[PDB]
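Numbering of ligands and ligand atoms starts at 1, following listing order. Atoms considered below: every heavy atom in the structure, side chains included; atoms not considered: hydrogens, waters and symmetry mates. Sequence positions, counted from 1, serve as the residue numbers for this chain.
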Amino acid sequence: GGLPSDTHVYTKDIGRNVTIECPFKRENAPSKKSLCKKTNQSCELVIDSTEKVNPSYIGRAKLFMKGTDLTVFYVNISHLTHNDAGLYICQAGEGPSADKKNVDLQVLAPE
Ligand SMILES: *[C@@H]1O[C@H](CO)[C@@H](O)[C@H](O)[C@H]1NC(C)=O
């Protein structure tokens with residue numbers, strides 16, 4: 001059951017949607033906001049605030065903020081597939097001072 005530090009787990013049935021919460025600090029409010037998916041030593045872009053999106057998620061992923069809450073962004077992923085399962089990282093900013101949040105998506109799929 002090893003996880004990255006302070007991981008938020010989301011559990012969804014196949015074909016449903018998930019809204020991932022990505023907290024950050026004021027220092028990174030002006031910076032790029034992104035979600036990426038872990039591979040063992042790579043994190044592959046899912047979507048970022050420059051409107052770049054992974055072809056495997058286009059039409060299914062949306063990145064937004066809400067109200068005047070200046071300290072959190074959201075990524076909704078719809079039409080979940082078993083291949084969407086796994087670890088993701090939220091990032092606000094770039095480099096050593098970036099705010100990161102570890103996320104684990106569990107997708108329950110047919111036997
Ligand atoms: C997304 O899932 C929520 C449950 O968290 C549900 O209320 C909502 O209707 C779903 N939206 C779509 C477009 O499937």
Side-chain angles (χ1 to χ4, degrees):
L3 276 314
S5 201
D6 295 317
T7 294
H8 192 118
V9 180
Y10 296 90
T11 300
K12 294 292 169 179
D13 283 355
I14 190 161
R16 302 307 189 260
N17 79 83
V18 61
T19 299
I20 298 169
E21 187 169 303
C22 295
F24 60 91
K25 307 293 199 193
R26 196 176 72 262
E27 146 178 54
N28 286 301
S31 322
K32 184 173 69 171
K33 309 305 188 303
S34 67
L35 185 69
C36 64
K37 189 171 194 299
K38 291 219 227 191
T39 321
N40 202 298
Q41 266 146 106
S42 295
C43 208
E44 166 188 24
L45 183 57
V46 174
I47 187 166
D48 71 29
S49 56
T50 76
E51 298 285 319
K52 293 192 186 68
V53 63
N54 183 319
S56 297
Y57 292 86
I58 193 167
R60 307 193 291 123
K62 297 292 181 306
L63 192 156
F64 57 92
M65 290 177 76
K66 291 283 283 196
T68 54
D69 187 342
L70 312 182
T71 64
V72 65
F73 70 97
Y74 303 91
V75 180
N76 186 263
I77 304 166
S78 63
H79 300 116
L80 290 165
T81 67
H82 191 253
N83 283 348
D84 292 325
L87 290 166
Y88 295 75
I89 300 173
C90 297
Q91 190 169 300
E94 292 163 4
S97 51
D99 298 314
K100 294 175 187 189
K101 175 68 191 179
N102 294 305
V103 171
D104 195 0
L105 183 57
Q106 175 176 87
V107 182
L108 282 74
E111 300 283 22

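- Of the inter-residue distances, the one linking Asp99 atom CG with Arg26 atom CZ reads 11.0 Å to the nearest 0.5 angstrom.
- Using a cut-off of 4.0 Å between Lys/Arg side-chain N and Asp/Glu carboxylate O, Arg60 and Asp84 are scored as salt-bridged.
- The nearest protein heavy atom to atom 7 (O) of ligand 1 is not closer than 4.0 Å.
- In this model, no donor atom of one side chain and acceptor atom of the other lie less than 3.5 Å apart for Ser34 and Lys32.
- Ring geometry for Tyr74 versus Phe64: interplanar angle under 30°, hence parallel rather than tilted (30 to 60°).
- There is no protein heavy atom less than 4.0 angstrom from atom 4 (C) of ligand 1.
- Of all protein heavy atoms, the one closest to atom 1 (C) of ligand 1 is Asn17 ND2, 1.4 Å.
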